[PDB]
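Visitor: Return atomic coordinates for the entry below.
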Amino acid sequence: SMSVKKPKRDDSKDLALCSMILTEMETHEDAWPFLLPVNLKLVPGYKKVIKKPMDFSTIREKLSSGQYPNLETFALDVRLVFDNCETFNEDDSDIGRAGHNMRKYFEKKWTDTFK
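Guide: Numbers count the residues shown, from 1 in each chain. Here you go, the structure:
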């Protein structure tokens with residue numbers, strides 16, 4: 001509250017560390033469904049159904065342009081990529097499995113870097 005603060009966590013490396021994690025996600029072999037924005041002209045249903053599209057290239061652009069106020073907003077966008085994937089894809093499909101694998105990969109990197 002006013003004039004009552006928890007001890008100051010050092011957040012000066014967060015930007016660099018989020019960038020590294022994003023690089024690691026981008027270079028994973030199962031990243032291919034998530035690297036670029038879904039083509040809303042060519043994928044039936046996607047525009048209507050997925051209210052907030054998100055992808056790794058868009059996260060990169062946001063990150064590099066100071067559009068994440070903190071590391072939780074970054075994590076929220078990454079999770080949005082996978083939540084979208086689950087909404088639109090059967091679990092039993094290549095893309096469905098890709099999204100599960102990537103989400104796990106991310107959550108491990110996140111816990112190991114910050115938790």
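
Visitor: And the residue nearest the centre of the chain, how far from residue 102?
Guide: The centroid of the chain falls nearest to residue 78 when counting by Cα atoms, centre = their mean (1.3 Å). The spacing between residue 78 and residue 102, counted by Cβ to Cβ, to the nearest Å, is 9 Å. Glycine gets a C-beta too; all of them are placed from N, C-alpha and C.

Visitor: Give the residues shared as contacts by those two.
Guide: Residues touching both residue 78 and residue 102 by Cβ atoms under 8 Å, 6 or more residues apart in numbering: residue 25.

Visitor: Hmm, residue 31 and the residue nearest to the centre of the chain touching each other?
Guide: No. Residue 78 is not in contact with residue 31 according to Cβ atoms under 8 Å; the separation is 11.7 Å.

Visitor: Can you work out which residues contact both of the two?
Guide: Joint contacts of residue 78 and residue 31 (Cβ under 8 Å, 6+ apart) are residue 25.

Visitor: residue boundaries of the helices in the protein?
Guide: Remark: helices assigned in the chain by DSSP state H are 14-27, 46-49, 56-64, 71-88, 94-114.

Visitor: Include distance to residue 1 when you put the ones you listed into TSV, please.
Guide: Listed next are the helices of the chain as TSV, based on distance: least, Cβ to Cβ, whole Å:
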stretch	distance to residue 1
helix 14-27	24
helix 46-49	42
helix 56-64	31
helix 71-88	21
helix 94-114	25
